[PDB]
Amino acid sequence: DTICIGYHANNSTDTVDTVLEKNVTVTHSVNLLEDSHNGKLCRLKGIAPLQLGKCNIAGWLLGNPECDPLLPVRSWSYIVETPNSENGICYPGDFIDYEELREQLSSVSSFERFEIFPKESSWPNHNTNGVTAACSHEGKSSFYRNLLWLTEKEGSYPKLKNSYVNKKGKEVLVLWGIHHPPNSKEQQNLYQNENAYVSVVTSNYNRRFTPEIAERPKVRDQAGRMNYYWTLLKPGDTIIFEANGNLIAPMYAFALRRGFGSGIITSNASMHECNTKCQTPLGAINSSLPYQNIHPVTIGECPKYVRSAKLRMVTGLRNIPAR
């Protein structure tokens, strides 16, 4: 009669590392590192992301004719740009504080695109048909959907002054531009007044713009330049535009609604009808593990990103079949 004390063993080939020894075959263990994703862009808790596609934030907010499909979108869970998001500003120039505008849009859950200055009724004494081949559509010269190029009307450019009172009960993002002719002749032909200026003011914003005329290299086949600006108009405040030339006026503005958890990512993955709580530029993740080595960029509730290739915690004991 014999009684022996022993321990479990099995077929398992699971291995783990320890401080003293590497690749210790063990009976049981648990992986703590998520390395799987579905390779798709999904909805985040039911809400679809905004796919800018061939456009970028600038093209989208200004209304680049190449981004018309985006015009109707009002809500999204996160913003997606692609390696091919090349359609931003179409008329050469500088977009002032663009990175900050992008940061601002990162916490916007939704907005309403509305006419702040109706194309007809806002500028009775100015031409508004200004167009450019730099912003063409259907092989025909066009212009930003949200802005209006004001020009001389019948050899005259009256000093304009238009106001908008924010009665939306929300922040209103207002965008506009300042055009800069390459020479004095053009300035005269387009705006009459040789020494023009543009003034934009609110309760907390105050800026004046002066045309800077000089010959410049052609970009997108234009020597002219357009600088883009923006500001946030607080609920109840009033924005005033005053000019006697060079103003690329606002036509459409955006009443913003703030949210949490959104962000802008860059991905070449496609949108699918899938839902997730965690999205990476490479694909969505469905996991309860504490870590993931899939991607450092995440939207939602995800595992902590680490550069590890393996993180396995032994639970059972050293496996010794003793064969």
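Sequential numbering from 1, following the sequence displayed.
Here the stretch with the larger average CA B-factor, out of 236 to 244 and 115 to 123, is 115 to 123.
Judged by mean Cα B factor in the deposited record, 23 to 31 ranks above the other of 23 to 31 and 281 to 289. Comparing the C-alpha B-factors of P181, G93, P250, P83 in the entry, the top value falls on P83. Annotation for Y228, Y191, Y205, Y78: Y191 ranks highest, by Cα B-factor. Ranked within its chain, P158 lands in the highest third, by CA B factor from the PDB record. Among the modelled residues of the chain, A9 sits in the highest third by CA temperature factor in this PDB entry. When the modelled residues of the chain are ordered by C-alpha B-factor, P49 sits in the lowest third. Sort the modelled residues of the chain by CA B factor and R74 lands in the middle third. The entry lists a Cα temperature factor for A134 that places it in the middle third of the chain's modelled residues.
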